[PDB]
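To start, the structure under review is shown below, and the notes come after it.
Atoms within each ligand, like the ligands themselves, are counted from 1 in listed order. Below, each value reflects all heavy atoms present in this structure, side chains not excepted, and no hydrogens, waters or symmetry copies. Starting from 1, each residue takes its place in the sequence as its number.
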Amino acid sequence: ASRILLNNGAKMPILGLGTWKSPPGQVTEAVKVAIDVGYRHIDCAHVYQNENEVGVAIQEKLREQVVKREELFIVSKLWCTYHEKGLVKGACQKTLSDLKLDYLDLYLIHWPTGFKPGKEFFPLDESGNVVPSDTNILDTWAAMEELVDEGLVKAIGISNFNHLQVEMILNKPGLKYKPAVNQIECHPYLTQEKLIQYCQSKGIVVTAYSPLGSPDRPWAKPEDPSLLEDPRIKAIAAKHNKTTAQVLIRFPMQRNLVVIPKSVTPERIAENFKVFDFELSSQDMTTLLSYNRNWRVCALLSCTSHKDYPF
Ligand SMILES: NC(=O)c1ccc[n+]([C@@H]2O[C@H](COP(=O)([O-])OP(=O)(O)OC[C@H]3O[C@@H](n4cnc5c(N)ncnc54)[C@H](OP(=O)(O)O)[C@@H]3O)[C@@H](O)[C@H]2O)c1
Ligand SMILES: O=C(O)COc1cc(Cl)ccc1C(=O)NCc1ccc(Br)cc1F
């Protein structure tokens, strides 16, 4: 089954194309190729600085009538410097204009932390600590709810929310819409059993990011573990006559997760989509889960300061 039902009643494709680090000079063709070979979900964000180019691709494949708007599932995220009530609508509208869309299928609070508004995405103090905003997640959530009620977004959700923060939203006084999705880091080195079971038990669909361990993350270090090069994962792939990436993408799909591998390489974009015709065994799944080491791609010292830093 290629889509999962969300608690807003809409279906979300379980495979999407990620776009963080996709160069603006390459991402338009990457998205065009992706849609040509089957992808119907694109994961975006304003902070990635490439939504205009992603939007050129979506608009061209709409204009060519390759796909209909209803068949696409486009996701973006509210950056930290826009948590303020009077900045959320405009942030969403900027993303809409850049993506050439009149609505988003899903809009996420990108991180639970609000930062000081301004030109800078990471406003720092002179000692390098992020400068917080006094906004809290519950008031930010109410602002997200407004976007649903104005027709700018079909679904709202959260990203990098820990258990307690998910719970805070669900327990919000006067909660109007539950989050549809929690998008978090998840792969065999960070298997997330606790947060996923919690989210799923509440009917929140979990999207796994960095499913390949983000080998192109700008802060990678030599000593870091490498999923794609792990011989134990390579051996499961070889057994199935698939690539290691293919196994890493199928893994979350069998846990009822949505997964969003990024590539700008046409051959890999296509390879990564060829994951609906094979199954990992229960033993394969448990074996992959055994590799957990609580290793995170996405953590940031400058922000650990903040009252709502999630890890
Ligand atoms: N919500 C958040 O806070 C958050 C955080 C991180 C990521 N995300 C989203 O999740 C997406 C995916 O995560 P990510 O970009 O961190 O990393 P990823 O998808 O785990 O890994 C991307 C890297 O893997 C390479 N790659 C892709 N397919 C491959 C294949 N078949 N074989 C070998 N290498 C392959 C890509 O190379 P090429 O591109 O050169 O082919 C790129 O270097 C992001 O792009 C973003 O949309 C969200
Ligand atoms: O956050 C993403 O989606 C991917 O990571 C980044 C993307 C870009 Cl364009 C810039 C920087 C990051 C980035 O540094 N992400 C890590 C991060 C960020 C904020 C917080 Br509150 C915590 C944290 F771990």
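The parts of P211 lying near ligand 1 are both backbone and side chain, judged by heavy-atom distances below 4.0 Å. The proximity of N272 to ligand 1, defined as any non-hydrogen pair under 4.0 Å, is limited to the side chain. With a 4.0 Å heavy-atom cut-off, ligand 1 is reached by the side chain of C298 but not by its N, CA, C or O. When non-hydrogen atoms are compared, ligand 1 lies under 4.0 Å from neither the backbone nor the side chain of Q246.
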Please tabulate, one line per pair, the protein N or O atoms found under 3.5 Å from any N or O atom of ligand 2, giving the distance to one decimal.
| from | atom 1 | to | atom 2 | distance (Å) |
| --- | --- | --- | --- | --- |
| ligand 2 | 1 (O) | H110 | NE2 | 3.3 |
| ligand 2 | 1 (O) | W111 | NE1 | 3.0 |
| ligand 2 | 3 (O) | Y48 | OH | 2.8 |
| ligand 2 | 3 (O) | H110 | NE2 | 2.5 |

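Residue contact check: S214 has heavy atoms under 4.0 Å from atoms 14 (P), 16 (O), 17 (O), 18 (P), 20 (O), 21 (O) of ligand 1. Close approach of ligand 1 to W111 (heavy-atom distance below 4.0 Å) involves ligand atoms 3 (O). In summary, the atoms of ligand 1 found under 4.0 Å from a heavy atom of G213, numbered by their order in the structure, are 20 (O). Counting the atoms of ligand 1 from 1 in the order shown, those under 4.0 Å from a heavy atom of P261 are 19 (O). For ligand 1, the atoms sitting less than 4.0 Å from at least one non-hydrogen atom of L212 are 18 (P), 20 (O), 21 (O), 24 (O), 26 (N), 27 (C), 28 (N), 29 (C), 35 (C), numbered in the order shown with element in parentheses.
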>> Applying side-chain hydrogen bond (donor to acceptor under 3.5 Å, both in side chains) to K21 and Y48, what does each step give before you reach the verdict?
In response: CA-CA 7 Å; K21 306 168 272 63; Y48 304 161; over 6 Å; no
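Classification of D43 and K77 as a salt-bridged pair holds, one side-chain N sitting under 4.0 Å from a carboxylate O. Under 4.0 Å is where a charged nitrogen must lie from a carboxylate oxygen, and between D36 and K61 at least one such pair does. At a threshold of 4.0 Å, the pair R250-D284 does not count as salt-bridged, since none of the basic side-chain nitrogens sits closer than that to a carboxylate oxygen.
Scanning the protein heavy atoms around atom 22 (C) of ligand 1, the nearest turns out to be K262 O, 3.4 Å.
At least one heavy atom of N160 sits less than 4.0 Å from an atom of ligand 1. At least one heavy atom of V264 sits under 4.0 Å from some atom of ligand 1.
Of the options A45, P266, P215, the smallest heavy-atom separation from atom 21 (O) of ligand 1 is shown by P215. Of the listed residues (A30, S76, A245, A208), the one carrying the non-hydrogen atom nearest atom 30 (C) of ligand 1 is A245. When the heavy-atom distances from atom 40 (O) of ligand 1 to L228, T265, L108 are ranked, the shortest goes to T265.
Ring geometry for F73 versus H41: interplanar angle over 60°, hence perpendicular rather than tilted (30 to 60°). In this pair, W79 and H110 present their aromatic rings perpendicular. The plane angle is above 60°, beyond the 30 to 60° band. In this structure, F278 and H240 have tilted ring planes: the angle between them lies in the 30° to 60° band. Between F311 and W111, the ring-plane angle classifies as perpendicular under the 30° and 60° cut-offs.
Counting heavy atoms from C-beta on, the side chains of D149 and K176 come closer than 4.5 Å. Side-chain atoms of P117 and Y82, non-hydrogen and from C-beta on, never get closer than 4.5 Å to each other.
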